[PDB]
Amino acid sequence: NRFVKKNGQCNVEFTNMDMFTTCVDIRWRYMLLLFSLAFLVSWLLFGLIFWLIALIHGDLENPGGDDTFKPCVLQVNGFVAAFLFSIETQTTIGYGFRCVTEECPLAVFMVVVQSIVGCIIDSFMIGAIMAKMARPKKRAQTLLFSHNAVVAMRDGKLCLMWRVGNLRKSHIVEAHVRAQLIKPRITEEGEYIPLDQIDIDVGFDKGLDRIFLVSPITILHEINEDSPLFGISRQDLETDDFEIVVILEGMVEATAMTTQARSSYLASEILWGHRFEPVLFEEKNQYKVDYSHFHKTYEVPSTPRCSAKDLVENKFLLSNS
């Protein structure tokens, strides 16, 4: 049956799966004690200003008032009272017991200022709880690489192969693969390149490195005359000091951000003479992906143990002589 329904839907089911720009991530909760501190500080500073005004205006001795004396802010009889009035103005609770009167222009202007400072102070709380909220970093790896690489024979050509799989049902827009052999080398003119990176060809010049990754796929690398692996047999493999790196970039629909899945294979991790265990089976009227066979291989004794470079050289005599 269908692999892709007439509307894009993919017919597969997965199974058996296991300045202050640094403020955005200013911390985990050191930001919450930072804000709760921003409050306390402005609440105290203003509680102090109002207490100073109540001190000098002579209110502390006639907090309620007379027909002759009107306080700046009613009921500010001390600092705990001044502190509370301050809090009540900013939080905008304003219980009302402590209340500004129209007596001191200073107190009025102080209430006007604490209202703006207060509105600004928490318009930022929503801006920080916005950065540190709408922008994490531990995006769970949705892409998966086989544990080992395999060199076997496909369609008469000797290739290095490795698997890639989408752990999610979500797609990867404009996805492509890359590989490269990393080993230290000395140039002709005698020069030391510590860790030289050499491209491993997986299809770039024909666009074949562009993949449509629904169910897991096996990535191929034909080992030919132009390969940094051309002259490597199975024995050479259990001795060499090289490492192959594998990348899979693309646009991940889920995290909706351009991704770069990576992984590696040391010569000691690539299994020669093997093949991957299928993972896609058709359960009739729908396909399934037994994600348990993902890293599973299996011997193929009919696989040449010599290098691709020699495999070809020999072919000539048995065609020539």
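When you see a residue number, it is the position in the sequence shown, counting from 1.
According to the entry, the deposited sequence has 4 to 9 residues without coordinates between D18 and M19.
A summary of the deposited B-factors shows that, of 266 to 274 and 30 to 38, the stretch with the larger mean C-alpha value is 30 to 38. If you average the C-alpha B-factors over 44 to 52 and over 282 to 290, the higher value belongs to 282 to 290. Residue set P228, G165, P136, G96: peak C-alpha B-factor at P136 (per PDB entry). Taking the PDB entry at face value, the top CA B factor among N224, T142, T101, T91 belongs to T142. Ranked by C-alpha B-factor against the other modelled residues of its chain, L60 falls in the middle third.
Per the PDB record, residue ranking by Cα B-factor puts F85 in the lowest third of the chain.
In the deposited entry, the Cα temperature factor of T239 places it in the highest third of its chain's modelled residues. Among the modelled residues of the chain, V245 sits in the lowest third by CA temperature factor in this PDB entry. Placement of the Cα temperature factor of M257 within the chain: highest third of the modelled residues, per the deposited record.
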